[PDB]
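If you read the sequences in order, they're chains L and A. Residue numbering for the first sequence follows the entry's author numbering, starting at 439 and increasing by one per position. Residue numbering for the second sequence follows the entry's author numbering, starting at 293 and increasing by one per position. Yeah, the Cβ is synthetic: ideal placement off N, Cα and C, and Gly gets one too.
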Amino acid sequence: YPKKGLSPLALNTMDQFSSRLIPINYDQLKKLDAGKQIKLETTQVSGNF
Amino acid sequence: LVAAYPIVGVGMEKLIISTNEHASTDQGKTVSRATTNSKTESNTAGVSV
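Here's what the structure looks like:
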């Protein structure tokens, strides 16, 4: 999701009703500024049948 | 005899703090020029003996 020919999906919010873009304080900004990278994990997935 | 019963509890790994300050820097320059024109006029008397 999406298919093979389309661009990826964007996430930038954290509410239930989308507002309040994700913040980062000053030390994490200076660590991310100097070459480092974040890692993304998946904990669980809910769905339907 | 034994009961079906779930028991849970949570545990702290780390804690991260993030402050709130509003720093500010300013930088300025200035250039000025002035002229002056004036005129005086004086009188003198005197007596010696």
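Closer than 8 Å, CB to CB, is residue i near chain L or not?
i        : result
A:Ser310 : yes
Roughly how many angstroms lie between the CA atoms of residue i and residue j, to the nearest whole one?
i        : j        : result
A:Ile309 : A:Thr317 : 25 Å
A:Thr336 : A:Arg325 : 37 Å
L:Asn463 : A:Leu293 : 54 Å
L:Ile460 : A:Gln319 : 32 Å
L:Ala448 : A:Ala295 : 47 Å
Strictly under 8 Å for the Cβ-Cβ distance: is residue i near chain A by that measure?
i        : result
L:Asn463 : yes
Name the residue from the options whose alpha carbon lies nearest to the alpha carbon of residue i.
i        : options                                   : result
L:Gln475 : L:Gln466, L:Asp453, L:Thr481 and L:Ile460 : L:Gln466
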